[PDB]
């Protein structure tokens, strides 16, 4: 029997794993699923048949208490993180979180077969506060070239993971490195689509132009992204395919796009006039959206939306961090050469995730 532990079940990838693992056509099914997060289970996560567990994995005692009874786990899908002001502190916090889970699950789960760890493109680009400031490898990024000579919590986590699997014979691992994720999760710390939807809804309410809050390279250079359901499929594939064992893999959609084009799509989905990149404006959502909580309460009330806090559904700092830089591309050759041929049409994916935020009444 296959028994999953999703660490971060209400996250942008955790929520996609929660929906896909229990499906009839999922490989190695039928899957039993445990899902971990700290907050009470939100309404938009209820449409999935998972065993929800409240647990703060930064707390070793809580991790011991909540996870030690789950002796039937066969596959761990680790899809969470903690943000801090410096990468050094991110290494400390994130290493402890992964260590707390693995130290409990490995000795208590005799049928444990695989640990899948989600990291991301900052493995190649560097930490948030070094992006654009350091020499990186030239894109498109490939998986197995040397690491940057700077601390990175993904390196800390990979090294801990490799040491942890040594504790159990036959225990394999995988690493998954998405770019910017397009998905659904009103609780995610990094949700570009959800944040852009809230910005578009505020522009619509105020009768304002959907101005582009980003740089020229993000507007008309190439970009890519990683669909959350495709990432969930990629975690499942690496967890069950023996030819994918003990490898790190990028996971992006298999196409490229330009924000100059997707901006028209976003504007059309909210009935707003589409703006365009303007040289010298240096527009930031974190600044434009300051003090917009009463406007959000009004949009929620007038449109019969689910009651959300603006700071949870719109992570302005993250949208600015994405859109204020060029988007270096990555390579899907290693995944495809290992037999993973999943892809997504990114424009159709963007519309799908905008429409899911509308379907769950998060935005109008």
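Numbering follows the first chain given and starts at 1.
Which has the higher mean CA temperature factor in the PDB entry, 19 to 27 or 344 to 352? The entry gives the higher C-alpha B-factor average to 19 to 27.
Greater mean Cα temperature factor according to the PDB record, 335 to 343 or 302 to 310: So the stretch with the higher mean C-alpha B-factor is 302 to 310.
Please work out which residue in 143, 229, 163, 138 has the highest C-alpha B-factor recorded for this crystal structure. Out of 143, 229, 163, 138, the record gives the largest C-alpha B-factor to 163.
Name the residue from 245, 290, 177, 216 with the greatest C-alpha temperature factor listed in the entry. Top of the list by C-alpha B-factor: 290.
Chain-relative CA temperature factor third for residue 95: Its C-alpha B-factor belongs to the middle third of this chain's values.
Among the modelled residues of its chain, does the C-alpha B-factor of residue 328 lie in the lowest, middle or highest third? CA B-factor rank for residue 328: lowest third.
Residue 284, C-alpha B-factor rank within chain (lowest, middle or highest third): As the PDB entry reports it, the C-alpha B-factor of residue 284 lands in the highest third of its chain.
Place residue 108 in the lowest, middle or highest third of its chain's C-alpha B-factors, as listed in the PDB entry. Its C-alpha B-factor, which the entry lists for residue 108, ranks in the highest third among residues of this chain.
Third of chain Cα B-factors occupied by residue 83: Its C-alpha B-factor, which the entry lists for residue 83, ranks in the middle third among residues of this chain.
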